[PDB]
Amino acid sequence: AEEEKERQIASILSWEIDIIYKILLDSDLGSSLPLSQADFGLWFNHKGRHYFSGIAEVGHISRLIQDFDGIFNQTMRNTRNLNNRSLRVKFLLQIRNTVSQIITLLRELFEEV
């Protein structure tokens, strides 16, 4: 219960850092996966939604994941951007904001049930 919560929080944090270092070191996404295809995204869609069925914050996390998928795919269609500092920073700001909100809502979901 509480074990599963911390595990998922560490999971999404691990995914974010992996992508951040890919961007900072290599100026590219490369083998990175969108959140929906990452460890956390698969847990949330396949297991998380059903365990948290009928709780409002679930729809909010799904939206955040979905919104980032779009941002992620757009950049995937343009790694010319990640060499550019401004476009690099923009993306880096977007991932941090997405993960931050999700963790807080995820905390809320686990406490609620």
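Don't overthink the numbering: it's just position in the shown sequence, from 1.
Higher mean CA temperature factor, per the PDB entry, when comparing 29-37 with 73-81: 73-81. Stretches 43-51 and 59-67 differ in mean C-alpha B factor, with the higher average recorded for 43-51. When all modelled residues of the chain are sorted by CA temperature factor, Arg107 is found within the highest third.
When the CA B factors of the chain's modelled residues are split into thirds, the value for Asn97 lands in the highest one.
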